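Okay, so here's the structure we're looking at.
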2 protein chains.
Amino acid sequence: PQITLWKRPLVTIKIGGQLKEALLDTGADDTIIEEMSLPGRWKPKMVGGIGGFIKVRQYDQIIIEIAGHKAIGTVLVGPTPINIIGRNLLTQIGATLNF
Amino acid sequence: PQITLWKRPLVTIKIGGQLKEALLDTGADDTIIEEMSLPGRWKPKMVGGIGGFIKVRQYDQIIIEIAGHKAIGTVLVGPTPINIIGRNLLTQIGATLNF
Ligand SMILES: CCCC[C@H](CC(O)(O)[C@H](CCCC)NC(=O)[C@@H](NC(=O)[C@@H](NC(C)=O)[C@@H](C)O)[C@@H](C)CC)C(=O)N[C@@H](CCC(N)=O)C(=O)N[C@@H](CCCNC(=N)N)C(N)=O
């Protein structure tokens with residue numbers, strides 16, 4: 001699909017067996033999801049942007065489905081104000097910004 | 001162009017006759033630039049990012065070129081970690097997300 005930018009580019013994702021809405025964010029290096037359980041090992045990470053940093057749990061090799069496109073990658077979990085799909089998974093679904 | 005997301009989508013912008021680097025940021029409602037001088041009156045705005053909220057100065061109707069594309073619109077100035085071109089200007093330059 002072609003997603004204009006008149007409104008926030010929010011899509012449905014499926015992660016960890018759950019459906020969530022998330023923002024496709026070309027300004028995010030990483031994908032950050034609000035608190036939820038994920039399987040496997042995790043390590044702590046600090047990520048920052050406007051307003052400073054939050055601490056998250058980094059889970060690697062997590063499968064996600066973004067707007068019906070499957071991918072795998074690292075997912076950070078923590079107190080993000082909105083779920084964000086960042087470039088580490090946007091690449092995997094073949095997302096480009098075009099103008 | 002068609003910009004893939006394997007690296008940050010950084011572009012050159014021109015504002016106030018000066019070239020700067022900025023990030024094309026579909027996760028940003030607005031465009032925020034580091035401290036600089038812009039003409040005219042400003043209005044207060046609070047914006048929220050991953051880490052919390054910051055205060056910025058809102059300047060309207062500012063001439064700005066983004067990767068060679070001319071826009072005229074609102075630029076927030078304040079303590080952003082990096083200059084970000086948000087949706088208010090990405091729509092002016094005709095940018096979409098595509099996958
Ligand atoms: C949490 C809100 C959605 C996330 C986006 C994030 C982002 O703007 O894409 C910024 C790009 C700016 C780059 C620093 N990216 C980030 O903050 C991401 N940061 C990064 O990718 C890198 N960090 C740095 C400092 O570059 C990396 C080294 O970690 C983090 C998400 C972590 C991966 C964001 O902050 N959007 C703001 C931008 C400010 C603006 N345009 O006004 C927004 O639209 N805010 C809306 C409301 C959103 C709610 N926020 C909140 N705290 N409730 C608003 N204020 O009007």
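We name chains A, B, ... following the order of the structure tokens; residues begin at 1 in each chain, and ligands are numbered from 1 as shown.
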
Interface, chain B side, toward chain A (9 Å; only C-alpha atoms) as number ranges by chain: B: 1-9, 23-29, 47-54, 79-82, 84, 87-88, 90-91, 93-99

Selection near residue 56 of chain B, 7 Å with only C-alpha atoms, sequence-local residues under 5 positions removed, as number ranges by chain: B: 44-46, 76-78

Best match for closeness to residue 15 of chain B among B:63, B:33, B:75, B:70, counting only C-alpha atoms: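 Looking at the shortest contact to residue 15 of chain B, the residue is B:63.
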
Which residue of A:43, A:13, A:66, A:83 approaches ligand 1 most closely, using only C-alpha atoms and all ligand atoms: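 Using only C-alpha atoms and all ligand atoms, ligand 1 sits closest to A:83.
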
Interatomic distance (Å, one decimal) between atom 45 (N, counted along the ligand's line) of ligand 1 and atom CA of residue 31 of chain B: 9.9 Å

Proximity to ligand 1 - best of A:36, A:62, A:30, A:57, only C-alpha atoms and all ligand atoms: A:30

Given only C-alpha atoms and all ligand atoms as the counted atoms, nearest of A:40, A:73, A:22, A:60 to ligand 1: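 That would be A:22, the residue with the smallest distance to ligand 1.
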
Residues flagged strand (DSSP E) by DSSP in chain B, as a PyMOL selection string: chain B and resi 2-3+10-15+18-24+32-33+43-48+53-66+69-77+84-85+96-98

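One distance worth recording is that between atom CA of residue 68 of chain A and atom CA of residue 37 of chain A, which is 21.4 Å.
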